[PDB]
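Line by line, the protein sequences are chains H, B, C, D and E. The authors' numbering puts the first sequence at residues 3 to 101, 106 to 204. The authors' numbering puts the second sequence at residues 3 to 123. The authors' numbering puts the third sequence at residues 3 to 123. The authors' numbering puts the fourth sequence at residues 2 to 218. The authors' numbering puts the fifth sequence at residues 2 to 217. Note sheet for the following structure.
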Amino acid sequence: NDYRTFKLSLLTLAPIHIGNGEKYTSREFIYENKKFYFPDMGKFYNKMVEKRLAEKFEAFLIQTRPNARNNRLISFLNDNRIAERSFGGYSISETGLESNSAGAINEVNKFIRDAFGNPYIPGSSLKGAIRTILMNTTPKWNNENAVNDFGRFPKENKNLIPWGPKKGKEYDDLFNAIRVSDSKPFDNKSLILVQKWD
Amino acid sequence: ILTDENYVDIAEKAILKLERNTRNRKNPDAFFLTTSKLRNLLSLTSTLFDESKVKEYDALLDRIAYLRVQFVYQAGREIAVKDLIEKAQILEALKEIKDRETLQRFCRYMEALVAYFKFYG
Amino acid sequence: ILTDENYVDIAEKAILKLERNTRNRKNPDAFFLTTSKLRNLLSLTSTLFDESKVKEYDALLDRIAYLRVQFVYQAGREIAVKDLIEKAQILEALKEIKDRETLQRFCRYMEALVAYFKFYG
Amino acid sequence: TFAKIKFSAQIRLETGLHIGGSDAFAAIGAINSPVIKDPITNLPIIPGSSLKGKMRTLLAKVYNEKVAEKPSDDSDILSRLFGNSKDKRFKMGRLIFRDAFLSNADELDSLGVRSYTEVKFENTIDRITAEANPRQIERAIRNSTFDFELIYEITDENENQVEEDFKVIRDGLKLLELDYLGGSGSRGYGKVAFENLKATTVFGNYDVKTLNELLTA
Amino acid sequence: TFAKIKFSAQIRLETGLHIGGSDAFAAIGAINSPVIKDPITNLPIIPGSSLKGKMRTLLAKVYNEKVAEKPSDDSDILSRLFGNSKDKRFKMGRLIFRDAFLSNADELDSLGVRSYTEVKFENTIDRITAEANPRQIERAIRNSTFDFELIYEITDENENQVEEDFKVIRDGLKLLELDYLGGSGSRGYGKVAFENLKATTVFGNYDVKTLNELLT
RNA sequence: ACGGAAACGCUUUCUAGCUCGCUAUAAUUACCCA
């Protein structure tokens, strides 16, 4: 067993967003209590085509009124008196910051989640994080990366770390040897939706 | 209606019948539609094509009913998409689904729009 | 157009009339076209060449339709696949396939393009 | 004599696996590394070919004195369990690896699962120009579990090598748990557990009392 | 006396069948190991030759008193049921295997199934160098069923050997259910299941109701 | 009173053995617009 293993504990000083490419729009959340409620919008439109409100919802969605308070789908619920909010999805409680005409955040990016809806950190993310550290602190991998100059200095060489099967040679592949696993999934009480600040 | 023998030509004719920069003739014929916004449109259908493959239409009818609303909301925000949901008959041909192989054909129509949009521009 | 005659002799003639790296004189005279971008289109025509031997032609109409989408989309991404589908008249040969004996002629034509792509460099 | 005994196990995934797959007619945006699935239930599969293939090459770091460079250069403990082509006596060797099928698909509806696979975005970042390169690769979900049959022939040529081979079988199963069974693997994607390691005779007469005490121990 | 009785059963499968046909030099990106397919319907066959050869070689491990170099050196229990080219008593030996012809194209089309054969994509990894070399091999899909039928002839006095021939034949069908029929085999590709094992007498007079219970 | 009559080109025989769909790869970057 040459498989020497390591256990990495990762503490979060700053908030970390990872993943998924999906984003809720500005009309796909509910801010009733101190809890942004992200519902399954298919069931939300199922429940509300039964209340004759699907045409009223289609009118709401292209309705750019001022005071963004009135454009964030709490106004559609409290306007037409919808009190049954029993949809699949999840709540994440408010920070208390990012305010007042509060609740008028616009587009959140969903954190990476597995099929159970429990979020986790994938090991491909943390392996790429490790890979920039290991590339930067090496005076063999810094030097001649930015190459070929043809299109517009277009790309890394990707071969300063020797990768591949490489016919004839033995199989080295350093970063096949480092094997980062994913995380056991944490609970989505741990998510807060910070904004961004340049 | 889009059928399995015409939708790619419909998609080409829809991407051509689509407005361009009248002014700013430095690299002209550039659309008033960007690649990110059209890939935003295709993102709505990419997570229904896989389940058109996998599972039954009677669990996807609800998600198509919300897909109508997703295209409505994207049409309302930017006027660039608003002159694409009318040129390409997207809201017309979205009501025309009723089974699996027209859901799949609609997702392929969206991919044909993205393909001809990359090909022209 | 390509008939059951010279359709392979077209494909070889398309590969020699395809642009190269005049630059990069470290194993020079190599294409801009990378062979992975071309095997991702042979993968499509290979599954159709296999299914045409079994299924009918009416049961391949959507599948064949999607071929044009990919040959458009892969052309809109790289300029190398763009002059692949321009030197080899692939979008024109795609419009010509109407029978299974013509589908298989296109599907073997793409194999000839891949065969002569590996044969030269 | 002749007997066939059957190693059952239940494969539990962890960070579930991606045994790469079929379809060329996929999409422009959707899953572009598909996983291998049943053609009829569309549930994910662990094929027995990948199980045997990882198991040989993980047992071959351990059981080859001289280095391999090919199968049919393995060391007559793996040639008899996995076959050579180039030994006269070790061609059909003694182990049949069936394809694992998804077993707990009803259990994975009591947990909130929309679909028995997941799609995972993965993004090659370029280190100069910082440009991104996304991909959506499919993998079976984490608590998926699989039936695992593995059938063993005991002829008279298994004179006293049955126990010595079952050491190797339960060494290979615990060695797959230290490695990943197909897919990215260095990025997650692999970790397999084997529970309920149970060997029963399906043909002939053989004692499975002493067999299930180097399995479960 | 003379009789011909028929063992009909249904070869369901699991980890579906590769049973190779032409290994002719295929196309460049296409299937490398095409499965054996019918000329008209283009559906798979489980032919009689594969069933007969598998069931000899699995019953040769069980019913041989002594290990045979060849089917000529098989025991008389198997030489009478599968024929022997060299024994005068056992030329044309008592069983007729028939090709099996995909009972349920309509049931599979009732399910969500496009093709009756799948192409599974597969590779070998070199041990030094770890090169990969792929494979596209065809595979008659999982829950297909196939019409299996045997014919057993009952001649002059084979009548004392009837019952303890069927104990053999049943046993052979119990060994195909533990082994694999056809290609690639030890990598999946095999599992069959004989269902509705019914023995009907077709020509002549034999009492199969005292026998159809043996096959449940 | 047909160079003819009588005569199954037939029996036996697994397209099979070996082979990881695998290698590298942070869903990321820029910061604004009316």
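A virtual CB, placed ideally from N, CA and C, is assigned to each residue, including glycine.
In terms of alpha-carbon separation, which member of the options lies closest to residue i?
i         : options                                  : result
E/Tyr-190 : E/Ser-80, E/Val-120, E/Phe-102           : E/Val-120
D/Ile-46  : E/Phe-122, E/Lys-67, E/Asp-172, E/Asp-88 : E/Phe-122
E/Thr-2   : E/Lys-87, E/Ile-12, E/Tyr-207            : E/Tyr-207
H/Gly-91  : H/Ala-121, H/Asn-82, H/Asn-69, H/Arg-74  : H/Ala-121
D/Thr-156 : E/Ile-155, E/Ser-86, E/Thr-156, E/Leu-59 : E/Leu-59
D/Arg-115 : B/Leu-46, B/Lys-57, B/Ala-13, B/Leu-18   : B/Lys-57
B/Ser-45  : B/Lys-120, B/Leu-20, B/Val-116           : B/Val-116
H/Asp-188 : D/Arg-188, D/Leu-182, D/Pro-72, D/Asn-43 : D/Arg-188
D/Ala-194 : D/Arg-136, D/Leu-176, D/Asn-159          : D/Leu-176
E/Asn-159 : E/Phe-98, E/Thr-202, E/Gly-94, E/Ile-170 : E/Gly-94
H/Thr-7   : H/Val-186, H/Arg-83, H/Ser-93, H/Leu-180 : H/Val-186
E/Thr-202 : E/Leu-182, E/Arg-99, E/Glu-154           : E/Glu-154
With a cut-off of 8 Å, does the C-beta of residue i fall near any C-beta of chain D?
i         : result
E/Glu-160 : no
C/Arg-102 : no
H/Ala-135 : no
Any beta carbon from chain C within less than 8 Å of residue i's own beta carbon?
i         : result
D/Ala-25  : yes
E/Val-63  : no
B/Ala-114 : yes
Within the same chain, show all residues whose beta-carbon is closer than 8 Å to that of residue i, passing over the 5 residues directly before and after it, in chain order.
i                      : result
B/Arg-70               : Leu-93, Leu-96, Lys-97
B/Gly-78               : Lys-84
residue 104 of chain H : Between 101 and 106, chain H has no modelled residues, and residue 104 of chain H is one of the positions in that gap.
E/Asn-65               : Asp-75, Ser-76, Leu-79
D/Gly-22               : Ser-34, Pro-35, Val-36, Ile-37, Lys-38, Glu-139
B/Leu-50               : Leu-62, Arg-65, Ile-66, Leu-69, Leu-105, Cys-109
D/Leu-112              : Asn-144
D/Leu-109              : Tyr-117, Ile-142, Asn-144, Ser-145
B/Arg-41               : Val-116
Is the CB of residue i under 8 Å away from at least one CB in chain E?
i         : result
H/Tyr-177 : yes
C/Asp-31  : no
C/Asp-52  : yes
H/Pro-171 : yes
H/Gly-44  : no
Check the C-beta distance from residue i over to residue j and give it rounded, since I have them as a contact under 8 Å.
i         : j         : result
H/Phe-40  : H/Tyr-26  : 6 Å
E/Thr-130 : H/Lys-173 : 6 Å
C/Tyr-111 : C/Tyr-9   : 5 Å
E/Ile-20  : E/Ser-51  : 6 Å
H/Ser-28  : H/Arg-74  : 7 Å
Within 8 Å of any Cβ in chain H, is that where the Cβ of residue i sits?
i         : result
E/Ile-129 : yes
D/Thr-16  : yes
D/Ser-187 : yes
B/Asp-64  : yes
D/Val-114 : yes
E/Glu-123 : no
Quick one, are the C-beta atoms of residue i and residue j less than 8 Å apart?
i         : j         : result
C/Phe-34  : C/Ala-90  : no
H/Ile-76  : H/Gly-109 : yes
H/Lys-37  : D/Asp-127 : no
B/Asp-6   : B/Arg-107 : yes
E/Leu-151 : E/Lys-7   : yes
D/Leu-179 : D/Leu-198 : no
D/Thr-146 : D/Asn-213 : no
H/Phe-31  : H/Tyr-126 : no
H/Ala-70  : H/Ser-101 : no
H/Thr-97  : H/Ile-198 : yes
D/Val-209 : D/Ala-218 : no
Among residues of its own chain, excluding the 5 on either side of residue i, which ones have a beta-carbon nearer than 6 Å to its beta-carbon?
i         : result
E/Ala-141 : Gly-17, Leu-18, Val-36, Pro-45, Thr-118
H/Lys-146 : none
H/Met-141 : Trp-147
Excluding the 5 residues flanking residue i on each side, which residues of the same chain have their C-beta closer than 7 Å to its C-beta?
i         : result
B/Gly-123 : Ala-32, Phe-33
H/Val-153 : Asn-163
H/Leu-55  : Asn-82
With a threshold of 8 Å between beta carbons, is residue i in contact with chain B?
i         : result
C/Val-74  : yes
D/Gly-173 : no
C/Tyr-68  : yes
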